[PDB]
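Colleague: Quick one: the structure is below, questions incoming.
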Amino acid sequence: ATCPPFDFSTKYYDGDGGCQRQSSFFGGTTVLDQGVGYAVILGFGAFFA
């Protein structure tokens, strides 16, 4: 029950308290902003047109 059991996966092993794996990958801080998301949401169908 070594924490971490591997060298390459030490980032996601509950770096705040008792050793465990986070129940999901998404939910924290996103990488992009809402602006690019909305621009892709709406403006993508126009430039390609």
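Naming works like this for the structure tokens: A, B, ... for the chains as they're shown, residue 1 at the start of each chain, ligands 1 onward in shown order.
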Near region 1-11 of chain A, counting only C-alpha atoms, which residues have an atom at most 10 Å away, once you skip same-chain residues fewer than 3 positions from it, shown as a PyMOL selection string?
Modeller: chain A and resi 14-15+18-21
Colleague: If I take CA of residue 37 (chain A) and CA of residue 25 (chain A), how far is one from the other in Å, to one decimal?
Modeller: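 Distance reported for this atom pair: 19.3 Å.
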Colleague: Can you check which residues of chain A DSSP gives as helix (DSSP H, G or I) on the backbone and send them as a JSON list (two decimals) with C-alpha atoms, in the first residue's frame?
Modeller:
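Output contents, as saved in result08.json:
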```
[["chain", "number", "residue", "atom", "x", "y", "z"],
["A", 34, "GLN", "CA", -15.05, 30.75, -21.18],
["A", 35, "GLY", "CA", -14.19, 33.16, -24.00],
["A", 36, "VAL", "CA", -12.53, 30.63, -26.29],
["A", 37, "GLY", "CA", -15.26, 28.14, -25.41],
["A", 38, "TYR", "CA", -18.02, 30.49, -26.52],
["A", 39, "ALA", "CA", -16.04, 31.55, -29.60],
["A", 40, "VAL", "CA", -15.77, 27.90, -30.65],
["A", 41, "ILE", "CA", -19.42, 27.38, -29.68],
["A", 42, "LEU", "CA", -20.77, 30.12, -31.98],
["A", 43, "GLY", "CA", -18.14, 31.47, -34.37],
["A", 44, "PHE", "CA", -16.88, 28.10, -35.61],
["A", 45, "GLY", "CA", -19.88, 27.52, -37.87],
["A", 46, "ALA", "CA", -19.44, 30.90, -39.59],
["A", 47, "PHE", "CA", -15.74, 31.10, -40.50]]
```
